[PDB]
Each structure stands twice: as structure tokens, then as C-alpha cells.
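>>> First piece of the complex, coordinates kept as in the full assembly:
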Amino acid sequence: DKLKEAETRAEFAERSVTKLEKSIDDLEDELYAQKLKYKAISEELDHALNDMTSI
């Protein structure tokens, strides 16, 4: 009857929602890791500039 066209999409939604949440979480994690790496590169360059700074 009228229940099945709703149940099908309802179950379509759950796994898609979980997969989207997992993907966005993992992408955010990668983004933060890259941010830390970039800050580290800036730190290395600035530490070199600050240590040498003519001697």
C-alpha cells in the first residue's frame, strides 16, 4: 500500500546520511592534519630566519 514507497526512501536515507557524516568527518581530519603540517613548515622557516638573523 502507501507505506512501502515511504519505507524504501526512509531506509535509503539512513546509510546515505551515515556515509556522508563519515566522509565529512574524515575530510575534516585530513584538513586539520594538513593545517598542522603547513604551520610546521612555517615554523621551520621562521625558526631558521630567527636563529640565523646574521651572526
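Thanks, I have it. Numbering: from 1, shown residues only, chains lettered A, B, ... in the order given.

>>> Tabulate the CA atom coordinates of stretch A:35-46 in PDB.
Provided in PDB are the C-alpha atoms of stretch A:35-46 (Å, rounded to 0.1, in the frame of the first residue of the first chain):
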ATOM      1  CA  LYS A  35      46.900  22.600   8.600                       C
ATOM      2  CA  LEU A  36      49.200  21.400  11.300                       C
ATOM      3  CA  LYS A  37      51.800  20.400   8.600                       C
ATOM      4  CA  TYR A  38      51.600  23.800   7.000                       C
ATOM      5  CA  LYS A  39      52.000  25.500  10.300                       C
ATOM      6  CA  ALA A  40      55.000  23.300  11.000                       C
ATOM      7  CA  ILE A  41      56.600  24.300   7.700                       C
ATOM      8  CA  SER A  42      56.100  27.900   8.600                       C
ATOM      9  CA  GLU A  43      57.600  27.200  12.000                       C
ATOM     10  CA  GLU A  44      60.700  25.600  10.400                       C
ATOM     11  CA  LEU A  45      61.300  28.500   8.000                       C
ATOM     12  CA  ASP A  46      60.700  31.100  10.700                       C
END
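
>>> Also, this goes in as chain B:
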Amino acid sequence: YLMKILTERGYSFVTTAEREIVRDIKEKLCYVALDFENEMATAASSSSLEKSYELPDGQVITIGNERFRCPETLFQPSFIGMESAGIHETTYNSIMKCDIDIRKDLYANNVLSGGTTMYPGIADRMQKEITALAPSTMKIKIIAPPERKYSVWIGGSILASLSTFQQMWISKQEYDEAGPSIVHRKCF
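Okay, here's chain B dropped in alongside the others:
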């Protein structure tokens, strides 16, 4: 002392867990000024020395003249109320206590070690202070190897590899015969 003077700006660290944070800040930002008076005058007028740091929960802090004032204690222990002189005068006093014939060689062959001598800008301040104290004609050289932190352990590793050192160890039999006081004997 750094944890005590950081309260003058607004940040308060009390619990022993935060002393590691203050230690890391000291290791990462502090530097020893070549001359103290003019640097202090400049840091209170210009804004080129104020540097920022990130605490382990965010909340970035900005340290100004506290960068070079904490390590200044080594050359001026009157900050913490200690009686003795700075490390730039203790070295000269220990040199002058030696005989008159080996002062030149010690002047020309001063060596630095230890972790706390890793501050950027200490080898030149030490050179300037020693030149101020010591006689002007003698040549003064301050040895600062890049591996200052591990210099003691590297020396220990070299010592433990020598062949002539193989009979200097404290044999367990000697301890069983003489007790723990064996270390004070000629067997150091």
C-alpha cells in the same frame, strides 16, 4: 621565574601540569640579549619583539619583553634574590683561582655544555662579558658545539668504549667486601 613574571600580563599558571607548558614556552621563544639596557629600552617603545604562542587549548598569548628577561637571570641573579654573581663572573672567578700559568689556555679554550646553554644568543653575550672582565690582550674563545644537549652523554659513550677504562669499574666483589662506601675510595 618566567611563570612568576607571566602574571604581569594576564596569564596565570599554577598547577604542576602547566609548568611543562611554561617550560615549552621558555624553550621555544626565549633568547638572550646581547646588551640588556638598550634592548629593554627598545622593547618598551617599538613592537618588533612581541611574539605569539599557542596554548594546548587555543587561547594564543603574546609575550613581549619577557622573551629576553627570563634568561637574563643567568647573568644577573639579583632578580630571584640570590646572592652570588652571574655565570659570566663565576667563570672568571673560577679561572682566576687557578694558577697564573694556565689562565691563558683556559681563556682561549672556554667550553659550554648543558641543555640550558641552548638559548639563541648566549655565546656572544658570554664572550662580551668575559672580554669585559678578563685582561684585554688575551684572546677569548667560547666553544659552543651544535650538540650541546648530548655532549655529556656523547662523552660518556666515548669513555665507555676506551680500552684503558676496562679496569676502572667497581667489581661486585669489591662492593661485597667493602660495602657501598667503596665508591669514595680511589675507585671513584
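
>>> Quick check on residue B:111: phi, psi?
For residue B:111, the backbone dihedrals (degrees, to the nearest 10) come out as phi -120, psi 140.

>>> Spit out the contact partners of the closest residue in space to it that isn't next to it in sequence.
Leaving aside its sequence neighbours, residue B:111 sits nearest to residue B:143 (C-beta to C-beta, 6 or more residues apart in numbering or on different chains; 4.5 Å). From N, CA and C alone the C-beta is placed, and that goes for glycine too. By C-beta atoms under 8 Å, 6 or more residues apart in numbering or on different chains, the contact list for residue B:143 reads B:109, B:110, B:111, B:112.

>>> quick one: which of those is nearest to residue A:46?
Nearest to residue A:46, judged by C-beta to C-beta, of the contacts of residue B:143 is residue B:112 at 25.2 Å.

>>> related to what we said a few turns ago, if we take the contacts of residue B:143, which one ends up nearest to residue A:41?
Nearest member of the contacts of residue B:143 to residue A:41, counting by C-beta to C-beta, is residue B:112, at 30.7 Å.
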